[PDB]
Structures are given as structure tokens and as C-alpha cells.
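Chains as they are written, first to last, in this note's numbering: chain L, 4 to 88; chain G, 978 to 1432; chain Y, 3 to 179. Some notes on the structure that comes next.
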Amino acid sequence: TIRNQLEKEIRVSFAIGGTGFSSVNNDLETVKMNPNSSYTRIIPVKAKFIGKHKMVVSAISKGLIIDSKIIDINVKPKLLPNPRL
Amino acid sequence: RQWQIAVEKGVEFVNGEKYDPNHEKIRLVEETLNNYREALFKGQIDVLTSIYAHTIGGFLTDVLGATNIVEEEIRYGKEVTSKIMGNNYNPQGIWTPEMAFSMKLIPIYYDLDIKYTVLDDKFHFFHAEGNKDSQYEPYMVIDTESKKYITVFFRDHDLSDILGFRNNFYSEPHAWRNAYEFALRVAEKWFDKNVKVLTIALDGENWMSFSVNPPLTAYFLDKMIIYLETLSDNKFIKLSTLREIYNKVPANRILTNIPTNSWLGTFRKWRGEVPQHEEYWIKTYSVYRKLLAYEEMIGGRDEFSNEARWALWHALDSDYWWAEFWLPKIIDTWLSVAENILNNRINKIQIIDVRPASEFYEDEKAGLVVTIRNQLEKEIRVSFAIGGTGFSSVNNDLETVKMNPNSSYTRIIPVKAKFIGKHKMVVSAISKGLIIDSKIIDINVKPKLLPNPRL
Amino acid sequence: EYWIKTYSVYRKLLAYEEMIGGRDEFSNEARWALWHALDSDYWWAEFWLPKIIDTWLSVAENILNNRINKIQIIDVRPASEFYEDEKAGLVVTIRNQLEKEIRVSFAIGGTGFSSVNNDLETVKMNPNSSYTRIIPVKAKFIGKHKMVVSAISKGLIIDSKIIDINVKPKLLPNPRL
């Protein structure tokens, strides 16, 4: 969720980060949010290790990092199903 | 072993009541074990080893893939049997818990000098591929990738289920009539000339204590035993033990594959028939995966890994996972014992320092130091991967180090930045795909400015 | 009509000799009876003598059919439950009542069934014993299927068996939360 507290419609992008997290296909996802409102979107990411993860999301415009946020995600091991009968 | 830990010191129950090794109830435990021991060394009976904590072996090797847990636990169960029986007994046969077989059990059994076993005919024979005549023969099931082999006896599912399940009697001579009927069914198998070895396998106590009137079930047992004696004095059958059959009847037919299965025809009784099975299976899998990571760090086993392995045996016991007797409280109690021994040994490895080994410029190669400290008393092998919103190292999936006890370890890693501004670097340590520790720092990347136009 | 007859009889002999991996007393002593049926003097159009060609083909057609009827298909069952468009298992047992070591092949058939990858699976079994093997198949439709398995040797179908499998739909799982 990106909040816009300005009085104009500003378009900004953000990049994700993390030790194992890898966005499936998005080099830079640009949003376009009108004045005095938020804007939410979902992004596909993929994890590599299991356990206590640190994930960084940073807003970027013209190669410049505006702001960054750190979130915590717990990744669980994928267990295989039963032998079929 | 529960019988043994009562003979030398009395047991105390969780409800409060307790006994002493001189209590007369304990004297009833000692002469039972003495009876079994005397009968075994008289040659009357045969004693099988098994997995110590009764667990579904084919499921663990297939679904979970925890091969190492099964082998050590089988050898522990075998040494317990060899010790409590006494006289340096060496059991050659094993009872596979719940007849949950997998072909990856063949190398485990071969390496432990396990010779024969018992499977099901309805669920393991009709689906087993290879040379077959009938289920009434010892078969030599052989692994193909290792050429290791065991001998297999297939029980008769129907004749076992008829005495195990159809045992609800209502009168004194009713049990006698049913015992005659059951012994009668055994003799009918003799007319068929293909029935060479007849095997019956079932639970020893549950058929007797879960009938509508358990007292008459013991009378049924006496009647059935005395009837089967009259089929051997007329020289119809040769009532013997499985060890004698193993030596007297060599296995000639060769099976090459028996699909994974139990006598229930499914594995859904311990995974699926209770809504909260997957929740606990993921939990026990994470606990075991942490154990593998820790045993990779120190490059083998020690006292703490072995004590976590001990506690992980009891959590995976299939008697608690049974859907009807679902007991999540005891599984949670044993997983916590194993997860605390492992958590107090992995928190000793920290990332104590990460800083730039230079000052950072946009899309210019710089260096970043990482300092790992090892507070264990052992030699550690860790690997760590970095993270960041725009950062990218040259080439490193996992950079592994090798650092000796009570010491630190610093190394410099090269990374590129892609943006300018206020970057956030995440550095995390990994062992066997498990993130051990992670530390976040803050790096300022400055724009790279071109040099003066050359003259 | 009689040329097709004698060609069928000879190609049955070839199939049987492929099964046992060579010649034996039965194959030789039916091959003997095949010589006298192909004699050009009984086929000569003026002295067309079908009642001696039949007499000699019948002798060889009975020596071969009493040695091929000893290879059956004793059971064919699914090793699991069948779902639409999902590789499943099928276990087939072949019995050998001869005193020799037989080599046969079999091909599967059905209205929607299709072997994953097996054009012809040749089993290889020792005397007076069965031999079973699981084969991968893939169902296409849902409902009450009829599936045929036929034993085949040198292009000649030995015996065929029909079974009844029920294929149920594959239903998609829940949205994750």
C-alpha cells in the first residue's frame, strides 16, 4: 500500500528485496495514485529458504530510493503428499 | 523396556498412583517376562525385533524422506530386544510397524542383518511385480539399485481378520463353536495343494480387550489352541515358528517391487483422516529439518543432536497419530523437548558485524564485510546469503565459511548497487536451506560522477 | 481362401517359435505337417484337392493351439484410483502353464485410455509360474470405461481380456486463504 499525501497525481515505482525472496517477473512496478489517497497492489514473489525472513520494499523514482520498509515473513517447508493408496 | 523400567524401580503414573519394585503387581510383570524368556530359549517361540518407537516406516522414507531416523531407531530397538531377552540373543526377523513397507527399507534391513519379515497379501502381494505363483511361499524381494534382499512371508488377510475382528461372543459354548469353526477353516486350506506356508499376523492384545465380552475371548483362545494341536498330531500341519520356516523353506521366487502400503490400504489414517494432521506434520517436519541443519553445521552428531533425535522418535510414534486416538498434546510435548535443545545450540552463531568495505557508488563494484561469531565449543560450518532492494553480489548462491570454536570470522563480499539513496541491506546465515540468523544494516549509495573531459 | 488359411497357420508357428525362443519337438513336428499342406500337387488347379490340404493344416493347427492356450491373462486390476487426465497405474499378471520359459508381449486398448509410454512391453517368465508388472496409463474421459489388454507375439494376438474401470473427475483445490 502506497500513500500519497500530496495534492497532485504522482506515479512512483517500488522494488522488493530480501535474502531469498525473488519477484517472479517485475523489475519495477509503477503505480499511479491520485491526490490524497492510497493505492494497493499484489506482487508475485518466490521464496528459497525456510524460516525467519527479512523482506525489504523500497519506493524508487529515477533511480532514487524515496522510502523503504522492512517486513517479516515466515516461510514453511512444503511437505509431499501421501502415496496414492 | 517399559516392563524393564518397572522391575528395577516402580512406575509412577501421571494420575498420582505409584508402585515399588517389591509391589506384588510388579511380581506379575517379572514372571510374565520370565515366562516369555524361558519359552523363547526353550525353542518353543521366536521373538522379532522392530522399530523402537513404533512408526510407519514406508511413509517416513517416502513422504518425509527421513531415512537416517529409521536406521538408528531400528538398531536401538534391536539392541533393546537383544538385551532384555538376554543370553546374547540375536533376532533375525523384524516386524515392520503396521506393515507400512517401502523398497527403501531393503538396504536398511540388509545392513542390520535383518533376514525375514511379514507383509500383507491383499495389499502387498497382488500389486507386487515379479515372478509369482502364490502368496503361500517365502519370497525373496530384491532391491535393484543395490542387489540387497530380504525374505518375505505374506499373511492371509481374511483368516487373520476373522479371528481379530469377528470375536464378539455372547455365551460360553458360543466361543467353543466359533473356535471349532476357525480351526476348521485352517484345515480346509490343506486340501488346496498350493498352500505351502500358512501365516497369520495380527495384534496380540486388541482383539482380546476390545470385544463385547473380553473374558470369553481368553476361553476362545484355549479352545482354538487345543484344536490346532489336533491338526499336528494327525500330521496334517507342522505347527512351528517363523524362524524354523525361514531355514526349512528357502525362498525361490523373486519379487522386484512391492508398492508402498500398509494393511489398511492407505496412509490416510495417520495423515488425512483428522483435520489437524497437516498442521502437525508441517511442524514435525520443520523440527526435523532444523535438526538436519544443525547436524550439517557441526559436521556430524554430538550429545545434543542425539538427545534431540531421541525426543523426535517419540513425537513420530504412529500410536499418537492414529486418527481415532489422535493425541496432539503428547506430540506437542515431545516436539518442544527436541526444539529447545536445537534452539539453544543455534543461537550461539550470530552475525555481529556487516559494513561496507569501501564507500558505495551507483553501479560500481564495492565490497561488504560480514563477521560471523561462533560461540559453540565445536568447529562450525555456516553459509550466508545477502539481501537488498537493489543490491547484487558477483556470483554466490551460498558462501560457506569454516570457523573454529570460540572465534569470529570476517570476509569481504563484492556487490553492486543499482539505485542511489538510502539502501537497506539484509544479510542472513543459512544451513541446509534453513535461515539461521539475519541482520539488517543501512547503506547510503552515492551517484557516480564522471571525470573531467580529457584535454 | 485357402492361401490365407495356410499363411495364418504358418504365422502362428512363427509366433510360437518366437515365444519359446527357438525350435522344440512340438514346433518341429507341426512344421512337418505344414510341409505336406503346401505341396504344389494338391494346389494344382486341375487336381485341386482341398480335403487333403485341410487334413494336414488341421494337424498343425492343433499342435500349436494346445501350446498357446497355456498363456493366459489371469488378472488386470488398477493399482490405484483413476482420475481424469492423470498418470495412473495398471498391474497385469500373465500366467505360463508350459514347461518352458516363455517370452510374450501385450498391448493395451480402450476407448479413452492411452499408455503413457509403452508400445509393446515384453515380459519374460520362467516355467509354471505367473509374472505380473505395473504399466502406466492415462485416462481421457470420465465415467464407465471398458479397457482391453491383449497378449501379442510376433504380430499375433495370443489372448485378450476386458476390464471395467471407473474414472472420476479431478476437482480443483481451495483458494489458498
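Backbone N, C-alpha and C fix where the C-beta goes; we use that ideal spot for every residue, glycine too.
The Cβ-Cβ distance between L:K79 and G:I1412 does not fall below 8 Å. The three-state secondary structure of Y:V118, taken from DSSP, is coil. Classified as buried, G:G1107 has 16 or more neighbouring CB atoms from the shown chains inside 10 Å of its CB.
Among the residues of chain L, none has a CB under 7 Å from the CB of Y:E31; the nearest is roughly 49 Å distant.
Between G:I1051 and G:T1094, the CB-CB gap reaches or exceeds 8 Å. Counting only runs of 4+ residues, the alpha helix (DSSP H) found wholly inside the stretch 1258-1329 of chain G occupies 1280-1292, 1295-1298 and 1305-1323, in chain order.
With contacts defined as CB atoms closer than 8 Å, G:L1017 and G:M1062 qualify as a contacting pair. One alpha carbon belongs to G:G1020, the other to G:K1225, and they sit about 15 Å apart. Interface annotation for the stretch 1210-1240 of chain G against chain Y: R1230, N1234 and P1236, criterion Cβ-Cβ distance under 8 Å. At a cut-off of 8 Å between beta-carbon atoms, L:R44 makes no contact with chain Y. Rounded to the nearest whole angstrom, the CA to CA distance from G:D1279 to Y:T95 is 51 Å.
Nearest C-alpha to Y:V118 among Y:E101, Y:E20, Y:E88 and Y:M127: Y:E88. Judged by beta-carbon spacing, L:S25 lies beyond the 8 Å limit of L:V60, meaning their Cβ atoms are not closer than that value.
Taking a C-beta distance under 8 Å as the contact criterion, L:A50 and G:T1366 do not qualify as a contact pair.
Bridge partners of Y:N98 according to DSSP: Y:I73 and Y:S131.
For G:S1209, the enclosing alpha helix (DSSP H) has its first and last residue at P1191 to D1210.
By DSSP's assignment, G:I1071 forms a beta bridge with G:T1026. Between G:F1244 and chain L, the shortest Cβ-Cβ separation is below 8 Å.
Going by C-alpha positions, L:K72 is about 24 Å away from G:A1334.
Here the alpha carbons of Y:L40 and G:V1129 stand approximately 55 Å from one another. By the Cβ rule, the stretch 1293-1308 of chain G counts as touching the stretch 1243-1251 of chain G, because three or more pairs are nearer than 8 Å.
Here the alpha carbons of G:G1277 and Y:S107 stand approximately 51 Å from one another. Sequence-distant partners of Y:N98 (beyond 5 residues in either direction) whose C-beta falls short of 8 Å from its own C-beta, in its chain, are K72, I73, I104, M127, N128, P129, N130, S131, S132 and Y133.
Listed as beta-bridge partners of G:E1336 by DSSP are no residues whatsoever.
Minimum Cα-Cα distance from G:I1328 among the listed residues G:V1346, G:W1311 and G:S1313 corresponds to G:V1346. With a cutoff of 8 Å on beta-carbon distance, G:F1078 and G:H1104 are scored as not near each other. When C-beta atoms of the stretch 1041-1058 of chain G are compared with those of the stretch 997-1016 of chain G, fewer than three pairs fall below 8 Å, so the two segments do not count as touching.
Taking a Cβ-Cβ cut-off of 7 Å, the neighbours of Y:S82 in chain L comprise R87 and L88, given in sequence order.
The Cβ atoms of G:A1285 and G:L1268 lie closer than 8 Å to each other.
Apart from the 5 residues on each side of it in sequence, G:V1331 sits with its Cβ closer than 8 Å to the Cβ of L1345, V1346, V1347, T1348, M1402, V1404, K1416 and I1418 in its chain, given in chain order.
One finds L82, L83, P84, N85 and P86 in chain L with Cβ atoms closer than 9 Å to the Cβ of G:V1040, taken in chain order.
In this structure G:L1198 does not touch G:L1216 by the C-beta definition: roughly 15 Å separates them, more than the 8 Å allowed. Your pair Y:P52 and Y:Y4 checks out as a contact, with CB atoms roughly 6 Å apart and the cut at 8 Å.
Interface annotation, L:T4: not in contact with chain G, CB-CB separation never under 8 Å.
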